[PDB]
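Engineer: need a 3D model of the following:
(chains A, B, C, D, E and F, ligands or ions: 3)
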Amino acid sequence: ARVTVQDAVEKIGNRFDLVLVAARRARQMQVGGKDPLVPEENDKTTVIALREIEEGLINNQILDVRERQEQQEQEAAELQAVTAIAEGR
Amino acid sequence: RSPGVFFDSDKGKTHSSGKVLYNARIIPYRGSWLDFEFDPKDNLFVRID
Amino acid sequence: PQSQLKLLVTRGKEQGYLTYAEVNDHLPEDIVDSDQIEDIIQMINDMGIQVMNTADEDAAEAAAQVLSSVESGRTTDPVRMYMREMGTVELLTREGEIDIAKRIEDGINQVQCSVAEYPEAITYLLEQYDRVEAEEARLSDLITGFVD
Amino acid sequence: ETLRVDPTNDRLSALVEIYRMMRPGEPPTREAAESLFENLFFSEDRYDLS
Amino acid sequence: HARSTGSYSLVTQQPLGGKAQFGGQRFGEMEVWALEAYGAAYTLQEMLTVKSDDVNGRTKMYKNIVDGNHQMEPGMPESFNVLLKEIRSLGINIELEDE
Amino acid sequence: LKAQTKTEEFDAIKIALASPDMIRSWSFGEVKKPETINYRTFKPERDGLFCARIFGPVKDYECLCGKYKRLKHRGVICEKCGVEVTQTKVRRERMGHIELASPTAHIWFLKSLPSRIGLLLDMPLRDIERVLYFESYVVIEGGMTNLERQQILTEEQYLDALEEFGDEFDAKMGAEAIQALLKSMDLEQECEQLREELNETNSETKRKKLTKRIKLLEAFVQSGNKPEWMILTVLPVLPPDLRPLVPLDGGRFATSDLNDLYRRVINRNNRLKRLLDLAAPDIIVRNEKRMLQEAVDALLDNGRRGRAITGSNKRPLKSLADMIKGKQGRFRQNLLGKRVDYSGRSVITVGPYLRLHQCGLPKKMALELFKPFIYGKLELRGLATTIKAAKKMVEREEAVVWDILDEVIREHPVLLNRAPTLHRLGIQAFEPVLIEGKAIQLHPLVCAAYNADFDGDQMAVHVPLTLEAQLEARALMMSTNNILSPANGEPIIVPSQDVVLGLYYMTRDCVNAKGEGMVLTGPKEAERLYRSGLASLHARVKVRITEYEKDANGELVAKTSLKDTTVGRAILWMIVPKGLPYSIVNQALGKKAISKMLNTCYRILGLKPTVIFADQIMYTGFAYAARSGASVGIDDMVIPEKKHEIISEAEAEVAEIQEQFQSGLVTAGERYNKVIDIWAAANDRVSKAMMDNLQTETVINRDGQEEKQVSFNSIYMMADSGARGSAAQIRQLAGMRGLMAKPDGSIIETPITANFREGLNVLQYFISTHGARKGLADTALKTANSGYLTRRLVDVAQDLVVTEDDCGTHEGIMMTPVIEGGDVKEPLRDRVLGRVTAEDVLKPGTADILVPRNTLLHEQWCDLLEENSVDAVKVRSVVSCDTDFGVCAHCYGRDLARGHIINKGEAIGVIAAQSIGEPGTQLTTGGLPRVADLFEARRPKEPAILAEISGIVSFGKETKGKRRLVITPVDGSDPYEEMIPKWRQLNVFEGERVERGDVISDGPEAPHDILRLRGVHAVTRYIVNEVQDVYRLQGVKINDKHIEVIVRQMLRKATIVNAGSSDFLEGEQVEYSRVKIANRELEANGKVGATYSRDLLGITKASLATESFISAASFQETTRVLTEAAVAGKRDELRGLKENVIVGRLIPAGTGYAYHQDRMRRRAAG
Ligand SMILES: [Mg+2]
Ligand SMILES: [Zn+2]
Ligand SMILES: [Zn+2]
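Structural biologist: Numbering: from 1, shown residues only, chains lettered A, B, ... in the order given. Ligands and ions are numbered 1, 2, ... in the order given. You can find the structure just below:
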């Protein structure tokens, strides 16, 4: 278990934003679109996310960048599909 | 409170005058209350219940 | 020599506090109502409260309290205003009943005669009875019976 | 001084004022004032100290 | 005593024990202040919305709880909606603006 | 893009008057019949209070008559009886209406002492009522003839006036009259006249009321409301499901009183329609109209009038306003409390084996609580076919499920809460540990925060369902994450009783023992020496220890030496982590020292070390306390040998003064005082006998004859260590106890000479009884008092939350030590600790900046200031913060559960109020009511009057009621003359000059005076110092911060003086004002900016001012608030805590602050 979030708070200083960001990440894992960035000790997605905050490999900037990238990951797929929609003309 | 007549004061707080006050109360076992009470002008009063 | 409500007010202000019983009797002989008090404790309470902590504005909480004192007669309770409003109407005399009833008779019979002097009022009845015997209607829906 | 603050004059007047105090809003009656006042502290029915 | 999901009151939908299975603990104003002093909004929202007063929110939540997904889709508590209707039943028009 | 129509996530709310057509919009049908149900087939009679056609189907997706019962047919309106088949929930939604035959006044607007119709029409109430009941006529638009427009007439008067003028004169009576009045009224014209009339005549009385009314009028105009709507045409009917007819056992029904009321209204209205069609005489139809008015009024708010009673039941039927108001004070359902799922409760136990971060949770309880999670996991791994099977499994309690539970419990925290919740620590999150039993195991160190004894107190558990709730619980509400009181930085995890007696008995020394004087390599073989029975736990010994220090930059330095200590302290040192000095464990280790140990550990090593250290401290405490064999015997309480003698001599004194009273040498009162004084002295004598005797009396020998030290006597160890008991109570055990007072409050001159160890005879006990009962009652009362204070306080603060980061103001208050009377009743370091510097301060020499500008002053910094001789520091405060509508973190301070500076978005008003109110139980002019009077701004009974202006003064006029004091300013004029009642003894020198805010008399001073005459900082200092005097006198620690925020809320308003933007005398927000002038100092008029005056408002008065009406409708009087807001068409934008709590969405603070921020910015923008 994660007894003290002091280090996670140390990384992102707001400490409410810690809860928010860690929640976002814990969601990325819980209903799986993704997988952990740190070894899972059987710790639930909550604690895994907190650990990920502690190791500095996860935060608002990083997550936003990843999601914005994924928008174009899917945009590249539909590239032919939606351009086939020229029927709007 | 036992049925009968009862004499009280209400000294101090009443009208903040330090003049005190005095009231008698007739409390029946069953029936209406008969109250007698003074005022700062020293005029005796009566109230039923 | 007189004006009542000042008096409970002016005393309630200088003492700074008045018992819930203090206002009841000190109230004028005019407003005795039970639910009267309900809002007026809220009136005196924002200005110098005793409900037995407020607004120091006062002012209009007096002028409107004097408006409620002038508003202190009519107790409402429509049983009352009714019992009083009908209590004005004078009792009928045994002959007066006959007078009024005769007047009624005069009126109605007037409108009936006025009906009988209208040709269409006749023709309509004729055509309606023509519909009755034609099984397009019934006798009960035309006449209640004649004189008979 | 109490008498000087007394608005009434005779027995009937006082009875009217008492009846009006107990049951206000409604017109007083002689028989009503007498009945009430006698029925308050003087009645064997409505009053007992035991 | 303990409760997860029990019966509910008809007038306002709120947890009520009818079976001797007990109703939930009452979360009061002081407790709300306690959650307010802490930075926890979500604990409070789920406390007074989904776990209790939201007729949709409770079931919609339960399905997620069993699905393995922890979220909430809060909606509007039934108490405040009842108060909307009670206020609006008078000559008072109360509206929810904008978008 | 098209904005939207259908349901989205809405913003704010609007409230206003309803149009007849607007009312008809909600209504899906008119209820024309008083009937409810068919009486045999319980189905609703068509178009009646309960109806399927108008409102909805009695069963889901099923038509009434039963034609279309299929879930397929939906938008179909049946041909037999039109009912659209839809969920029965829409019977809880769809409204209804009634078309009233005659107009009817809306009682809320008619009488809610702003009689709204009245002050809108400038027409007195009694006239309006006299009209409504047809007790007189009232003119309407009288044109030009003989008469005023608002003028009222009588029967004869109306007939006469009508005979004189047939037309160009108009009068009506009843509701129709008031309606015609309101409708005819043109607001514009009235405005146009009022402005001119305002401008012409000069009188206070005239233009005050004039300007007030014109303001009211233009407000009503901008509202969008129209006067006619105050008079009801259409009367909406509430949905049937909200006033259920639902059945019960034994065939009996039960229903809301709203059905009775609505039934009355409907019946009387219908009878009025009939009487209109039958052409009844006026005497009748009037009576029916009055009855209708009564019916409607009773239906809306039955509070007023005569309170009609429900059928067969004496109790008055509850009306709609009584439905909104509710009862039990001011409680709106989201306030008083709410039943919540996923929760529980039970009796609690100890569980010392627990870590600070966990709590024992009963097996069965955890099973029932996590049931949905258990189902989900069970069918997630595949142990169960379907959800039903999972239910059946856990209902069977098959051996497997337990392990599954162990999975769902692991990282999933639970919430623990106690009954008297005051400070935020009242609810704390833990990690569940499965337990066999029905009781909840609660960590000992937390027992302080909860104020929870083990005598049968119960605690409640909650489950943080959503992910955000689990993470909120772990990163905020977690036990280990809050180790510090929010009131003051001191540790709340301080060991309580058994543990401190353990560390006390451990760390301590007697004169001679086993292994006295020997030497050992380290703590290891010290403990090894003790556990083998070779060396005594407490013995004077030199041992080699290695202590570290982090004093190098970011780096631990190691050093080792020979310390003179005891075996026990050496053993205890094994626990002490890293850089802490040995000096901390080398003392006697009392409850205070053991606390400062943890505190220093936290401000040095950080959080985690402090936590685990605390745990180990608890474990070793309980351990060695157990080993100690500490007990309490009857011989442990030692009565002074000299007690009886003191009693005798003091008993001689009373006979001396008695004989003096017998000889008339002394008066009665003087005798009384004398005897009471001699006994009062005797008490202290015996006390300070038993105290010495119980303290140092142990006389023991080391290698010599004798020597003496602090006693190892049990009860003394308990009282001294801080475990439990105190000199006051020990005094009552051994020495005599006090003098008692009769219920009158007259203290008896024959004190109780017997103590508890001795037997108390009948009298003494009977006399003790009074004090006992008064104690119980008074405490039980001060509970409620404390609670009430907390309520007023949270009501006055609430929405205040850290919003900006740094306002960047140099402004602040000057912090010096209190220096009261003799030396230092409170230091400087405490006052300035955890606070930011306003400006860079200096050494005694300058061009040397030690603390630069704004820097949070922490332990090291304050110690640096302590190194230097610095006597004062200017500190930024919440009261001086330039940020509008909140506080910037830079100004607030640091203190929290964490030593770091306050977070952005933390709600500080709530925790301020909580922190002020929580200790308030311990408070006893003086006392708790003193605190209340202070926060209430109330002027004292017999106050002192300050000098209105500086300069030489003189006593003018003569005696009538007052003797006037005339001031003489040097340069300025002297319009100021204050009439000071002369029967009050003065102070001011008639031949001397006095500065503004000097003492022109003695006695207490009204804080309003301090604010106006002296200053904002002066008064903000007065409050905080006075309330802190009250608290500190009782030994209570409350940081100046909280009180300072309460003060900030107190002075929130102000009254304008000059003009050029807003009105003259308006009380208004300093925030609004300052925003408008700082905005007006540039652009606009070059500067038109208006002057103001800051105003002190009592907390209960300041709480009255709130922008959100949903908020105000909670704690204030509901009816008046709703009405007063409705006529103004006030639009509640939410934005506050309370309103968002009521509406049931994320709080505009804490975690939800990001949401509300982003949303607030998206709104009022592109
Ligand atoms: Mg207890
Ligand atoms: Zn049908
Ligand atoms: Zn600031």
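Engineer: phi, psi for residue E:27 please.
Structural biologist: Here is the backbone geometry of residue E:27 (degrees, to the nearest 10): phi -90, psi 110.
Engineer: tell me the bridge partners for it.
Structural biologist: Beta-bridge partners recorded for residue E:27 (DSSP bridges): residue F:338.
Engineer: same thing with residue F:557?
Structural biologist: Taking DSSP bridges as the rule, residue F:557 bridges to residue F:549.
Engineer: that one and residue F:548 touch, don't they?
Structural biologist: Yes: taking C-beta atoms under 8 Å as the definition, residue F:557 is a contact partner of residue F:548 at 6.4 Å. Yep, even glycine has a C-beta here, placed from its N, CA and C like the rest.
Engineer: more neighbours: which of these two?
Structural biologist: Neighbour comparison, residue F:557 and residue F:548: the larger count goes to residue F:548, with 16 against 11 (by other C-beta atoms under 10 Å in any protein chain shown).
Engineer: please identify the helix or strand for the most centrally placed residue in chain A.
Structural biologist: The centre of chain A sits closest to residue A:25, judged by C-alpha atoms, centre = their mean, with a distance of 3.9 Å. Taking DSSP states H and E as the criterion, residue A:25 maps to helix A:16-30.
Engineer: what about the longest helix seen in chain A, near chain F?
Structural biologist: Longest helix in chain A, counting residues (DSSP state H): helix A:60-77. No: legend: contact between helix A:60-77 and chain F by C-beta under 8 Å from any C-beta of the partner chain is lacking; minimum distance shown is 10.0 Å.
Engineer: quick one: buried residues of that helix?
Structural biologist: Of the residues in helix A:60-77, none count as buried by neighbour count, 16 or more other C-beta atoms under 10 Å in any protein chain shown.
Engineer: okay, the very next helix or strand once past that helix in CSV with CA atoms only?
Structural biologist: Following helix A:60-77 in sequence order, the next helix or strand is helix A:79-83 (DSSP H and E). C-alpha atoms of helix A:79-83 as CSV (Å, rounded to 0.1, in the frame of the first residue of the first chain):
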residue,chain,number,x,y,z
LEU,A,79,-8.0,9.4,-42.9
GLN,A,80,-9.4,7.5,-45.9
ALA,A,81,-12.8,6.7,-44.2
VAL,A,82,-13.8,10.3,-43.5
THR,A,83,-12.4,11.6,-46.8
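Engineer: thinking again about what came up before, dump the longest helix of chain A to CSV, restricted to CA.
Structural biologist: In CSV, the C-alpha atoms belonging to helix A:60-77 read as follows (Å, rounded to 0.1, in the frame of the first residue of the first chain):
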residue,chain,number,x,y,z
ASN,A,60,-0.9,16.4,-16.5
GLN,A,61,1.6,17.4,-19.2
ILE,A,62,2.6,13.9,-20.1
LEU,A,63,-1.0,12.6,-20.1
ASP,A,64,-2.2,15.5,-22.3
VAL,A,65,0.6,14.9,-24.7
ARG,A,66,-0.2,11.2,-25.0
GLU,A,67,-3.9,11.7,-25.5
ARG,A,68,-3.3,14.5,-28.1
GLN,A,69,-1.0,12.0,-29.9
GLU,A,70,-3.7,9.3,-29.7
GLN,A,71,-6.2,11.7,-31.3
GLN,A,72,-3.9,11.7,-34.4
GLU,A,73,-3.3,8.0,-34.0
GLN,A,74,-7.0,7.5,-34.7
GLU,A,75,-7.2,10.4,-37.1
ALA,A,76,-4.6,8.7,-39.3
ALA,A,77,-6.7,5.6,-39.4
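Engineer: secondary structure class for residue F:341?
Structural biologist: coil (DSSP: H, G, I helix; E, B strand; the rest coil).
Engineer: how close does it get to chain C?
Structural biologist: Separation of residue F:341 from chain C (C-beta to the nearest C-beta, to the nearest Å): 39 Å.
Engineer: I'd say that residue and residue E:14 touch.
Structural biologist: No: here residue F:341 lies out of contact with residue E:14, judged by C-beta under 8 Å, at a distance of 9.6 Å.
Engineer: more neighbours: which of the two?
Structural biologist: Neighbour tally, residue F:341 and residue E:14, criterion other C-beta under 10 Å: the higher count belongs to residue F:341, 27 against 22.
Engineer: chain neighbours aside, what residue packs nearest to that one?
Structural biologist: residue E:51 (4.5 Å; C-beta to C-beta, 6 or more residues apart in numbering or on different chains).
Engineer: ok, that neighbour - how many residues close by?
Structural biologist: 28.
Engineer: returning to what we had before: which residues do residue F:341 and residue E:14 both contact?
Structural biologist: residue E:52 (C-beta atoms under 8 Å, 6 or more residues apart in numbering or on different chains).
Engineer: in chain E, what residue comes closest to ligand 2?
Structural biologist: Closest to ligand 2 within chain E is residue E:10: 25.8 Å, counting by C-beta to the ion.
Engineer: list the residues that contact that residue.
Structural biologist: F:244, F:246.
Engineer: name the SS class of it, please.
Structural biologist: Applying three-state DSSP: residue E:10 is coil.
Engineer: what's it sitting at in phi/psi?
Structural biologist: The phi and psi values for residue E:10, taken as degrees, to the nearest 10, are phi -80, psi -50.
Engineer: repeat for residue B:5
Structural biologist: Note on residue B:5: backbone dihedrals following degrees, to the nearest 10 are phi -110, psi 150.
Engineer: may I have the beta-bridge partners of it?
Structural biologist: Here residue B:5, judged by DSSP bridges, has bridge partners residue B:26.
Engineer: enumerate the residues of chain B near chain D.
Structural biologist: Neighbours of chain D within chain B, by C-beta under 8 Å from any C-beta: B:3-4, B:28-32, B:34, B:41-45, B:48.
Engineer: just the buried ones among the residues you listed, please.
Structural biologist: The neighbour count (16+ other C-beta under 10 Å) marks B:28, B:31, B:32, B:34 as buried among the residues of chain B next to chain D.
Engineer: where does chain D get nearest to chain F, residue-wise?
Structural biologist: In chain D, the residue found nearest to chain F is residue D:25; the distance is 11.6 Å by C-beta to the nearest C-beta.
Engineer: roughly how far apart are that residue and residue F:784?
Structural biologist: Distance check for residue D:25 against residue F:784: by C-beta to C-beta, to the nearest Å, it reads 40 Å.
Engineer: compare the two (neighbour count), which wins?
Structural biologist: The neighbour comparison of residue D:25 against residue F:784 (other C-beta under 10 Å) goes to residue D:25, with 12 against 9.
Engineer: helix or strand for that one, which one?
Structural biologist: Residue D:25 is part of no helix or strand when elements are defined by DSSP H and E.
Engineer: count the neighbours of the closest residue to it other than its chain neighbours for me.
Structural biologist: In this structure, residue D:25 finds its nearest non-sequential neighbour in residue C:75, 4.7 Å apart by C-beta to C-beta, 6+ apart. Other residues near residue C:75 come to 14 when the count uses other C-beta under 10 Å.
Engineer: residue C:75 in helix, strand or coil?
Structural biologist: coil.
Engineer: pretty sure it contacts residue C:34?
Structural biologist: No: the criterion here is C-beta under 8 Å, and residue C:75 misses it with residue C:34 at 11.0 Å.
Engineer: what's the burial count for the nearest residue to residue F:47 once chain neighbours are set aside?
Structural biologist: With sequence-adjacent residues excluded and distances taken as C-beta to C-beta, 6+ apart, residue F:47 is closest to residue F:32, at 5.1 Å. A count of nearby residues for residue F:32, using other C-beta under 10 Å, gives 17.
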